[PDB]
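A single chain, nothing else alongside it, follows as structure tokens in the form deposited in one PDB entry.
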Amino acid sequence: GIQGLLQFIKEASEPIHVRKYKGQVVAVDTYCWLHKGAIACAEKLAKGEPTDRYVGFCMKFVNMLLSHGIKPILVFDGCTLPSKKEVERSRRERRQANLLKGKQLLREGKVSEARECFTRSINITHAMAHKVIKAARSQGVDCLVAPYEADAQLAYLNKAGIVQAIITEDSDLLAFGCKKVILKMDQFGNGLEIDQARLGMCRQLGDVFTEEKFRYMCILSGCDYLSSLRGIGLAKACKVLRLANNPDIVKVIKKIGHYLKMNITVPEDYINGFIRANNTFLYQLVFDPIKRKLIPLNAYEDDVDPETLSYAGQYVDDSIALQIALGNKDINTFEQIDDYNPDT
């Protein structure tokens, strides 16, 4: 996510209870619940031994949401973004490393280091996610598998008015331009809420409370799509965007050293990287649940060419997109692993 963002816009948050959204619709970044629950049965999961504790763990939160008259829409991550393959597979390397090393630490009796290794080897698979999907759908809870990152799908669901709030632990949702984000929610319904409108409460932001400038700030400070320039954090990026009311962000980036009074050299790789990052935050492919088709998060502008946004996602047939979104088609093998029908 956006490192340090929560403490940076700390003044835009407030302690709430989900009772506020009684009789409303709320989408959930289920992976947080999935991972948090996978922590408990980390040993058995990493060993390959059968376990289903994380399912019940998620269903705790689900039932808690249902008890307050809240309609939850569980969202799951789908295909890995074509650009983020490297980072993900490297994460896989680290996980496998902690697994094998953890087992070697089990050979030596080091139980604490072992557990701490196995808990850092947690790989949330699509099988686990689908198990959670079945569990929720048996309780009448809608589930949706995002075409790619669940973040963009949630952002769309909130922007479209389909849901009123987003439950997550990842600050990326704020960079995608969510209206209401519920953070740090326990199994009882206590959590922090960050509304976009109240971004103005943060004096540090200045005039950088507009979605475009906010996105620019998040990207410049360093995001999942692009590493920041050395010595650039949230404050200095915010300062760059504050001092520069120039709409053309590229020219602004090129003379960042002028605004920060530092000696910074900007490679073209960072310019193109910024453009691709912004295009990924703006036009990452999501699934319209109503019209049942693949659409960009935001509508394509006249200045952007959709034929050059392969890194933001790739289009498939709407029927296939529907089968993937329903979780009936496997992400990797494209095989029918289920046959759920929401029209019965």
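The numbering used is simple: start at 1 and walk along the sequence shown. Whichever C-alpha set is largest while still superposing within 1.5 Å between the two forms counts as the rigid core.
>> Mean CA temperature factor from the deposited coordinates, higher in 278 to 286 or in 63 to 71?
In response: Between 63 to 71 and 278 to 286, it is 63 to 71.
> Do the CA atoms of 247 to 255 or those of 104 to 112 have the higher mean B-factor in the entry?
Replying inline: The recorded data point to 104 to 112.
> Highest Cα B-factor in the PDB entry belongs to which of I167, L229, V87, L157?
Replying inline: In this record, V87 carries the highest C-alpha B-factor of the candidates.
> From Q96, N190, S221, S171, can you pick the one with the highest C-alpha B factor in the entry?
Replying inline: Of the options given, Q96 has the highest CA B-factor in the PDB entry.
> By the record's CA B-factor, is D77 among the lowest, middle or highest third of residues in the chain?
Replying inline: For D77, the deposited C-alpha B-factor lands in the lowest third.
>> Going by the CA temperature factor in the PDB record, which third of the chain does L297 belong to: lowest, middle or highest?
In response: Lowest third - that is where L297 ends up once the chain's C-alpha B-factors are sorted.
> Based on the entry's values, in what third of the chain does the Cα temperature factor of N328 lie: lowest, middle or highest?
Replying inline: Middle third - that is where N328 ends up once the chain's C-alpha B-factors are sorted.
> In terms of the CA temperature factor given in the entry, to which third of its chain does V28 belong: lowest, middle or highest?
Replying inline: Its C-alpha B-factor belongs to the lowest third of this chain's values.
> How does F209 rank on Cα B-factor within its chain, lowest, middle or highest third?
Replying inline: Middle third.
Below, we refer to the form deposited in another entry, which is not included among the displayed structures.
> If you fit the rigid core between the shown form and the other one, which of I232, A135, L106, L260 ends up with a C-alpha shift of 2 Å or more?
Replying inline: Looking at each option in turn, only one qualifies, and it is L106.
> Cα of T80 displaced 2 Å or more between the shown form and the other one, core superposed?
Replying inline: No; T80 is a residue whose C-alpha shifts by less than 2 Å between the shown form and the other one when the cores are overlaid.
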